[PDB]
Each structure stands twice: as C-alpha cells, then as structure tokens.
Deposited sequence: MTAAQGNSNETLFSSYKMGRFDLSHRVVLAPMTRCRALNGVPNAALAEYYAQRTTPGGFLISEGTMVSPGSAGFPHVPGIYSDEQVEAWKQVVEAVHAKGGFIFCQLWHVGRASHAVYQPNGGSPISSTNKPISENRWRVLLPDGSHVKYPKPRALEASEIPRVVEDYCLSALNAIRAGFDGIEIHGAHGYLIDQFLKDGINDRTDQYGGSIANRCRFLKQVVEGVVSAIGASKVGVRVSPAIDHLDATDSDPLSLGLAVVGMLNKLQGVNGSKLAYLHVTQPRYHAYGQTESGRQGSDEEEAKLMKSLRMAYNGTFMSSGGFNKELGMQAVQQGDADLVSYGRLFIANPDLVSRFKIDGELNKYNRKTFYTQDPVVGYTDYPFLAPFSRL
C-alpha cells in the first residue's frame, strides 16, 4: 500500500497521527511506587500530537511488582500522582495507555506484602540459571518458589485489574493495556511451559487462555473495549515462558479476543504482540490476519522494518522500546531519517529522574 509509519490511523475513538508507538517500558523511576514529575517529563518528552504511548508496566495490586520503583495504579495516592504524567501527555496531544502489569512469579519476597510468596498459575519457580529478579539495591537474585493461585482467588486478581483499570481512567489515561506477555502472571497461565494446572485454568489451550479471558472481560466491562489493549508474546521465552506451540496459543488468544469483540459490540483498542528477535514473521502475520482489529507489533523494529510492517499490512502500529528510551523525539527522527541516539542499557532500570531517563537529547535543528 502507500501507508507508512506516518500515516494517520483511527484506533477507535483515538485519532492517531502516526503509527509509532511508545512501547511499555519499565524504567523504575516511580520511586516507592508513585508516579512523579520525572515520569511526567519522560512521557511528555516522548509525546507527539496524535502519537500513542503506552506506560511502563504498572502495578494492579500489592504484590504485582517484580522490579523496583515501578508505579502502581491501585491506590488513590497513585491515581492522583499519575495525573500529572497523563496531563503532560495530553497537553502535548498524545494518548497514553496505562499498562496493567502483574508479574506473578517473576517477583521476590521483597516485593510482596508481608514478604510472602509471589503468586502464579503454578507452584514452580522460574529456573535459577538464566533469570534473576532485580531487587531495589540493584542486586540480582534467584526467583523464588511461587504459590499457585487457587481457582477461588482468581476473581480477586481479576478484580484488581478492574479497579486498576477504573483507576487508570480516573487518572485520565485514555485506556489501559493488559500486560499478558513476557512470562508474567497472565503469561504464566497462557504458556504450557509454565501452566501445570489441572483445574479449569490449565490443560487445554482454552483453559490456559481463561485467566486472560476473565481479565480482559473484566477490564472491558469496567471501562469499555475501545480503551483496552491486550499485549501478548506467544513466542517469547522470557522467564521460562515457552509454549509447545506459540502459533496455536496466539490464535487461541486472538480467537478469544475476536469472540469477546462480538459478545460485547466494540473492538478492543488493539492487540499488541511482541516478536521474538523467518517463521517468526509467519507467526506475526498469522495472528494479525486472524485478529479482527488493530494490530500493534513490537520487538526489534527500527524505522525501515516499521515502515514495511505498515506498508505490507503486517501491522497497523509498531511500538518501539529501546529506541524510544534514547530518542524522546523518535517519531521526528524517523520522519526525517535523522540520527538516532544510542540507548544506554546501564540506566534502563536505575532510579535517577534525569540520568538515562529525561537527558537523552532531542535533535538539533
């Protein structure tokens, strides 16, 4: 087609000016779980008129975090502190979705109420050799043994997503994204690499999708489908989050979202899928073809790959992470094929409100 990253797009009620999306990225500047003026600056710097942004993963409940200084949206105090970020984005003409993030077993007693065990689909820990939880002192230690949720406690978790989603709207977010990716709580139910349940939430593909289904249904009922994006990564093996067949899992997720869109009358805001980064683009093309709606692809995109993803109909929208970390004006830079600042990995997850956060420079004229 003649569509590109700079073609406008209608994401339901949201009129986007372009297809470049700020991927949700944990940066750990939200000291003590509270959004602050530093996040406001950071998101404002990255906003464009009609540009879509997705927040760093945001706690839906105490115990839902597995990184230091990540924001929450479950408490009044967080809702209020988020306003400044959201106002700052809106002042600059962006839309911002709050990513509702539950890490499940990818946590530590440090991040749990009463230093209790992280919850998950399973009682099995993330394996100890490839993965670590980052603690607030900057150490990396092994993930602990989680406590499998009883089926009876799942509706309370769903309700946390709902309250958090209602809080997000309260704070002024244009909507929310369900973080159902990357081996976190939802993905711990989704993936047969993890989900060793024998009740209604495990076994079949459908059972594995049930938690995500209830989360999405719950959030969609509370705030409206058009304000809900869903993110999944069927083929990302992060935190042991494998599946014997990513394709079919992804199609089950897609199928379930197609079904919810008929059972409810409105489209979701989007399906957001991470690429692992051949066959991979076949998996992505398949999900996008299957999904009746806006498709947001993510993972390893640069401009060129983004332009072709849009041009060739592989995606409506392309989220950028690391490039957006380092390039507040990423969209402009892409538009004029200008220089790209390099990202500094070392300050991805540090705490300074400025350093490695809001101090990556805009283009010179």
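Missing C-alpha coordinates mark the following deposited-sequence intervals, in order: 1-7, 285-299, 388-391.
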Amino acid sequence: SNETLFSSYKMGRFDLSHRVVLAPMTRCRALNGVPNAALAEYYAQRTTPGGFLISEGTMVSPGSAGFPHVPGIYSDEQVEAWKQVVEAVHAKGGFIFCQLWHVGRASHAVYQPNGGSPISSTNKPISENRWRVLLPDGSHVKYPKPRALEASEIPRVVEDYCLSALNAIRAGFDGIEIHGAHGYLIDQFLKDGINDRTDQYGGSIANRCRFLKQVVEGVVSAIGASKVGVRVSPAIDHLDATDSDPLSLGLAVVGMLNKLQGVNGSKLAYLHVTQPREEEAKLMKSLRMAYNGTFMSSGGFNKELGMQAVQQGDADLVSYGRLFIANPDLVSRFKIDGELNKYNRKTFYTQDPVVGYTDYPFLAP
From here on, numbers count along this sequence of modelled residues.
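Comparing 195-203 with 165-173, the stretch with the higher mean C-alpha B-factor in the PDB entry is 195-203. Relative to one another, 308-316 and 39-47 have unequal mean CA B-factors, and 308-316 is the one with the higher figure.
Among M296, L323, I336, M59, the highest C-alpha B-factor recorded in the PDB entry belongs to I336.
Going by the entry's values, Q275 shows the largest Cα B-factor out of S120, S107, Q275, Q99. Among all modelled residues in its chain, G12 ranks in the highest third by Cα B-factor. The PDB entry assigns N302 a C-alpha temperature factor belonging to the highest third of its chain's modelled residues. Residue-level temperature factors show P113 in the highest third of its chain, judged at the C-alpha atom. Per the deposited record, the Cα B-factor of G183 falls in the lowest third when ranked against the other modelled residues of its chain. For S286, the recorded CA temperature factor ranks within the middle third of the chain's modelled residues.
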